[PDB]
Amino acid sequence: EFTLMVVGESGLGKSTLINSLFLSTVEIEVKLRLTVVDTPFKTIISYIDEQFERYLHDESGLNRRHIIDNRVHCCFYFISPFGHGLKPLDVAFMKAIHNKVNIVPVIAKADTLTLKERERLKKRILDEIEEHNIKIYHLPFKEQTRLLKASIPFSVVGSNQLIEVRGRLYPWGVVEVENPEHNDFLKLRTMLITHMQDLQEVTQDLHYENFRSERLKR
């Protein structure tokens, strides 16, 4: 029972990555719900909040032994590799929903950046995360958990096309989706796969209860 939202500018490979992970709400079979949404927000917030209402209403009921959890457990936020950081629309969106959903920031179409360019954009996005007091999902073995945090935000490449593993062909070379020397796709997936319970659990224990307390107080 798990729900993942992907949000971001149109044309940033949002759909291709989702397809790459698993090989406007689609529901494939754990039971995964995916909600892809292209940025141009008062409906996005409201969708998220509406899933807390159903759940609060449902858990408040006399019949429970068929409750559907539609709460969004994670939101990949896609950032253009063309900016030098977060655009203020991106910051405003993330601030609108950071108290309600687990944000995982992702740099899109990372095959657009040299390694030097990549690390400048990551450093700059992390600093802006701090500067604007934005609350992104924080990961909870030794060195593999070390290396994964030290590469947030993940800069990914999607493709489901094959190359004489999946990749993208340019006259000067081939980007390999699952080569970590090429991009953080494997890390993002592994992280998604290894952290589902926590994602679910932080959604329950933190975002939903905060929703719930303000409600029963008001």
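Numbers for residues come from their place in the sequence shown, where the first is 1.
Compared with other deposited structures of the same protein, residue 32 meets the criterion of being unmodelled in at least one third of those that resolve residues on both sides.
Compared with the other entries of this protein, residue 176 is consistently built, present in every one of those that build its neighbours rather than absent from a third. Counting the deposited residues that fall between residue 181 and residue 182 and carry no coordinates gives zero. According to the entry, the deposited sequence has 10 or more residues without coordinates between residue 23 and residue 24. The PDB entry records a higher mean C-alpha B factor for 30 to 38 than for its counterpart among 188 to 196 and 30 to 38. Of the two segments examined, 142 to 150 and 116 to 124, it is 142 to 150 that shows the higher average Cα temperature factor in the deposited entry.
Listed residues 137, 78, 93, 82 were ranked by CA B-factor as deposited; 93 comes out on top. When the C-alpha B factors of 162, 175, 56, 156 are read from the deposited coordinates, the top value falls at 162.
In this PDB entry, residue 4 carries a Cα temperature factor that places it within the lowest third of its chain's modelled residues. Annotation for residue 89: CA B-factor lies in the highest third of the chain's modelled residues.
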